[PDB]
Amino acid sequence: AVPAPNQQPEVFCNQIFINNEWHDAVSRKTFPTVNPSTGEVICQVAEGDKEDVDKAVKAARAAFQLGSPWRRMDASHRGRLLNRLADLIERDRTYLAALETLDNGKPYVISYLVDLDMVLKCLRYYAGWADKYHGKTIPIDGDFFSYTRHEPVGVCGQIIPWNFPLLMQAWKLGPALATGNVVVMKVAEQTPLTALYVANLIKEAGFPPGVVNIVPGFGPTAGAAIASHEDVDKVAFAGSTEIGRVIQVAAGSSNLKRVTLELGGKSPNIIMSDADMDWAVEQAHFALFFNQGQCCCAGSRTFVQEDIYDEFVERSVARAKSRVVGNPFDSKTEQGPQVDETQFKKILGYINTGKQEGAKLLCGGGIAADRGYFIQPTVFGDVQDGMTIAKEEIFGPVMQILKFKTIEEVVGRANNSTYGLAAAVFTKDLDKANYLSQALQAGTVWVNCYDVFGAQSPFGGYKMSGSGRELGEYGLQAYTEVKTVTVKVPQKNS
């Protein structure tokens, strides 16, 4: 059951979070964050820049000093603290879900039942990892005792996007804190509010000052300051490919900090002719339109086998037409607005391109309301591989349907991409399922499902969709620095 939202939740936190305290920017500058449903300013937010990052990194560095409360704390107690954070987030769930919706635009029902659930499950999962990521004892040649310590990497810069503000925060904080790192987080200018409120809960949970610092602000300013910082040990970036490149170059040009990236995709969703029709149609709809189409791994190339194409297309158009666009706080609403005017206008431009390049417009194609950034659920049929809308990440409610004949054809066409974040296969055949799931060059392959995230199972890109993995045990790798200790012993025995 979903509790009634406060459709205008109060903002308590809108500043820079350093040493468990709230600070204005050194410059005293602020920036507006907008409600995408109305285009109205919610409030002002402190505009962190390089000087503010510097304060945060110093705070983080001090928290990480040998002998500090956070360094000496039992690993099991890091788990306790993550679990306490989860509880606090659960206590403030109704509030946080409404705040998420206000700033981001996604339906409140979804914020509550999906985002907040996943946030809670991610943190509780990683709480369990805190005291279980063992190093090794190693049967080295000669008279030595050799072992590894799994130590934290240190000061971790974490730059996150706007599409799942709370969940992305949890994805980054969970594994970092489980392994005893400290954090300087740069949240998206489009959606700083919920992450800032969680910083209040981080302090309430009992985390030592400087363990988590949050600098709201812009990319080329606050973001780049972190990526280029001489005392940040590790950077994790989620967002556009373009800025992914900027991050890796910044790391190379500065102190050679360790780097992981989660970037976009143009993920293919493959519907074989022996698929369950109703299930396939609904899941393809979900795969594309989920979160206003603002999902890294959106199924934005829907490949359909020729024998079922006409039927699949018909049922897909009908479903897009029935999809309820409106006020995210209304319980009927399935699709809220796009995050901002920039994305709003980029999506419309993609639709213009789709039309002019000869794809068949089957429904939508225009603005869904005269207020806020609402776009009609749009479906293009007879899409070809060379078309812009088949190549570029649109990040909106714009569906691409492409026809194919053979299993070998679809494999090569799905893989003919410099992206490789995810892929999906809809089929009842065992061999086809296994053939495709092996042959597909993607970080995740869903079979008869889509967008199934589990804190237990890793996620990340092939090719230019990123590097490294998040979630599961693998999510701990990039947050661990490995030390070998090799000790001379009187006489080594098995």
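One-based numbering along the sequence shown.
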Practice problem: Check the entry's C-alpha temperature factors for 354 to 362 and 147 to 155, then say which stretch has the higher mean. | Solution: 354 to 362
Exercise. Going by the average Cα B-factor in the PDB entry, point out whether 120 to 128 or 395 to 403 comes out higher.
Key: 395 to 403
Quiz item: Checking the entry, which one of 65, 427, 30, 437 has the top C-alpha B factor?
Solution: 30
Self-check item: Residue of maximum C-alpha B factor among 370, 74, 100, 141, per deposited coordinates
Solution: 370
Practice problem: Name the third of the chain's ranked CA B-factors that contains residue 41, choosing lowest, middle or highest. | Solution: highest
Quiz item: Where does residue 247 sit by CA temperature factor within its chain: lowest, middle or highest third?
Solution: highest
Exercise. Sorting the chain's modelled residues by C-alpha B-factor, tell me whether residue 260 ends up in the lowest, middle or highest third.
Key: middle
Practice problem: Would you mind checking where the Cα B-factor of residue 473 ranks among the modelled residues of its chain, as the lowest, middle or highest third? | Solution: lowest
Quiz prompt | Chain-relative CA temperature factor third for residue 431 | solution = lowest
